[PDB]
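Shown next as structure tokens: one chain only, the form deposited without 5-amino-1H-pyrimidine-2,4-dione.
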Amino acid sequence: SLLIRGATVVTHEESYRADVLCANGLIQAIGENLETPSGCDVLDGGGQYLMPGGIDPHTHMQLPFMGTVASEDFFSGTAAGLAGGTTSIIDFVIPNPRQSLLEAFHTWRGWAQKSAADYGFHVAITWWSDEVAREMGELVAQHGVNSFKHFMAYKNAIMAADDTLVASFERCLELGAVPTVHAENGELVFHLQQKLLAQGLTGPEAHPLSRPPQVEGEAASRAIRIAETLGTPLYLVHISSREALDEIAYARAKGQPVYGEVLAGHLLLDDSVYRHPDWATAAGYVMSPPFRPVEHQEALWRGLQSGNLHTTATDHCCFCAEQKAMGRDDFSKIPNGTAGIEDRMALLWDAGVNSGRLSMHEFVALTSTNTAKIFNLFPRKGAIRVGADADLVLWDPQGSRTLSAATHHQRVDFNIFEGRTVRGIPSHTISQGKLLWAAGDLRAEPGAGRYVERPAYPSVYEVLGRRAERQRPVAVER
């Protein structure tokens, strides 16, 4: 067992001094001056904040691309998360077109066995048939999946057009599953890529021009209004633009359950990174959606503060210099992705809490509790309460860290915040009740993490079901 003594417990709504006892993977006792069971390790939390461990609902460990694969695998990635205070992830099973969803799922489960910390899967709907629909039923009922991902970009690859979006959202409703969407208009992205390439604009500086913010705003509007029409909730991954944020606020202002996820990169970086004179440096920032002009950063902070953005994630998707250079003559061939799992909570604490933009309670809500609630993992995760999973982070408000590809634990040779010094760091990270990160020493072990099942029918479907009862149409008697 493990007892954290002397800390201030900080949740998504309150702070209070208390000790916390963990055993058998769970929180067993909370209170002042708890007794110590015999042979129990004791961590001295004086002067620090004890918080739920971060949940990163957006990762892509060892995701295949071309004949190559993300340079971070499920062990190195989950270990790097632990070093940064993140104690569990939700990754993505991405079937090839016409490939069995269950086949892809078992493959990814094999890849994920080596994880060092708890993990789960979204499953992407990259094509449609009666069989896909039946397979999502089996994934929900027998494999712990409760959320399905849709890509509106990637024409002539995994794009979900309207008819797939409609059939699949309808299926999610039947199953009590949460539809999630990468919102970018695939036709416009494809058209702009071709236009820019024909102009000889082949460098990384053309990447953001190929998918400007209104391309994301349009896709968000469309996914949102499909969800409204079919009567499902909707989770929009990595919101980067004022345009898309505004569509979310509009829908939430109509009563509709729409959630938005944001990455630290899109809160803190602007699109000038793509004009760096060194090709490799500019290519290190290539991801979709791309980093944006500054006015969007301000708008996103506003969403977080006003409750129209709800979770943070990383889109952790690592490619080293030689992989990025596959697009040296064609930016559309640059493997898209940036690293962030190790860095998310310190970036957010330092930019959000130290500034006074966010309270520490909002910080917890935005790094674990909201994600737990949305995907039906609360209070098993994101909660400091007796019986909850013992996933915790001890936080030193006066510690500092300089982010650097030379020192980080992420298996990648680039950091989009290279040289940034933050104040406020995870001094200790506890997963399943075990101390896996301590004072610069990572103790992660391959195979330690568990596959985490998520039950269907989160609370929102009760509300939605009563709405549909009252909107049931009624014929006119004539």
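When you see a residue number, it is the position in the sequence shown, counting from 1. Residues that one form lacks are left out of the comparison. For clarity, a rigid core is taken as the largest C-alpha set superposing within 1.5 Å between two forms.
Stretches compared: 220-228, 316-324. Higher mean C-alpha B-factor in the entry: 316-324.
As recorded in the PDB entry, 399-407 is the stretch of 399-407 and 184-192 with the greater mean C-alpha temperature factor. Highest CA B-factor among the listed residues (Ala444, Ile416, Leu50, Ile55): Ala444. Among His143, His122, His238, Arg242, the highest C-alpha B-factor recorded in the PDB entry belongs to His143. Ranked by Cα temperature factor within the chain, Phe105 sits in the middle third according to the deposited record. In the PDB entry, a CA B factor belonging to the lowest third of its chain's modelled residues is recorded for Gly265. Remark: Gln99 belongs to the highest third of its chain, ranked by C-alpha B-factor as recorded.
Looking at the C-alpha B-factors along this chain, the one for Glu131 belongs to the highest third. Per the deposited record, the Cα B-factor of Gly85 falls in the middle third when ranked against the other modelled residues of its chain.
Quick note: we don't show the form deposited with 5-amino-1H-pyrimidine-2,4-dione bound, though the next part is all about it.
Annotation: in the bound PDB entry, residues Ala29, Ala388 and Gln432 none come within 4.5 Å of 5-amino-1H-pyrimidine-2,4-dione through any heavy atom. Contact with 5-amino-1H-pyrimidine-2,4-dione, judged by heavy atoms within 4.5 Å in the bound PDB entry, is confined among 419-427, 445-453, 35-43, 58-66 to 58-66. When contacts are judged by a 4.5 Å heavy atom cut-off, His182 counts as touching 5-amino-1H-pyrimidine-2,4-dione in the bound PDB entry. A residue is said to contact a partner when one of its heavy atoms sits within 4.5 Å of a partner heavy atom; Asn336 meets this definition for 5-amino-1H-pyrimidine-2,4-dione in the bound PDB entry. Remark: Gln323 does not count among the residues lining 5-amino-1H-pyrimidine-2,4-dione in the bound PDB entry, judged by a heavy atom distance of 4.5 Å or less.
Within this chain, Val262 is remote from the site of 5-amino-1H-pyrimidine-2,4-dione in the bound PDB entry, having no heavy atom within 4.5 Å. Residue-level contacts in the bound PDB entry: of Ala117, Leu366, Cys317, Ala112, one residue has a heavy atom within 4.5 Å of 5-amino-1H-pyrimidine-2,4-dione, and it is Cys317. Proximity to 5-amino-1H-pyrimidine-2,4-dione in the bound PDB entry, taken as a non-hydrogen atom within 4.5 angstroms, holds for one residue of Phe121, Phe151, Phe169, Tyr235, which is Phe151.
Annotation: the position in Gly39, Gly447, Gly67, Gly46 displaced by at least 2 Å at CA between the shown form and the other one, with the core superposed, corresponds to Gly67.
In this core-based overlay, residues 65-68 form the only run of three or more whose Cα positions differ by 2 Å or more between the shown form and the other one.
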